[PDB]
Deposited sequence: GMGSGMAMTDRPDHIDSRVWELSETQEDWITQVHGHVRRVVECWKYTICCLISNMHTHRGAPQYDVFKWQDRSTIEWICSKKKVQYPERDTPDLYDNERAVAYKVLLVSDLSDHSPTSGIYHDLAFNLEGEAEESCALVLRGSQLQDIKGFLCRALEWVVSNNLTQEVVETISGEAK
């Protein structure tokens, strides 16, 4: 249970007090998964700023917001893409595979530039998972 290579220094340091990790089941992993999601949020908000990131700012909050088009989004991780019904009418879902693939609604909104970063970021994290065979602890966390 150490900060992985693929996670950013700032991300990990910011994540520490955002949720009380020791108390939870798969607490180190749950932190890492949430760190994937924040990383995704940052990757997406490198358009110009088009997106503001609300996750882990300084209670019922979205993960980012499009300043131009005035739309809120929530980043999700899913195991089955086809089986997906919106969780919210207001915070629109941006769902992805562990492999990196994005859902129909997700690919209509995001630019290739942002997807290719995320798929790059996700396989590198999936590699880290598979290195320590943490597959079921991650798949459970997605339920």
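- In this chain, the deposited residues that lack C-alpha positions fall in the ranges 1-8, 57-61, 72-88, 174-177.
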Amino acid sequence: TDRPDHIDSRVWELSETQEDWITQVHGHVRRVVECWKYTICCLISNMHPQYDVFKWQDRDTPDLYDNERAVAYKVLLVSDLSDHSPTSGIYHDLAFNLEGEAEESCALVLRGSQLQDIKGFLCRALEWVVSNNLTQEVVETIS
From here on, numbers count along this sequence of modelled residues.
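- Judged by mean Cα B factor in the deposited record, 47-55 ranks above the other of 88-96 and 47-55.
- For the pair 103-111 and 22-30, the mean B factor over Cα atoms is greater in 22-30.
- The PDB entry assigns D80 a C-alpha temperature factor belonging to the highest third of its chain's modelled residues.
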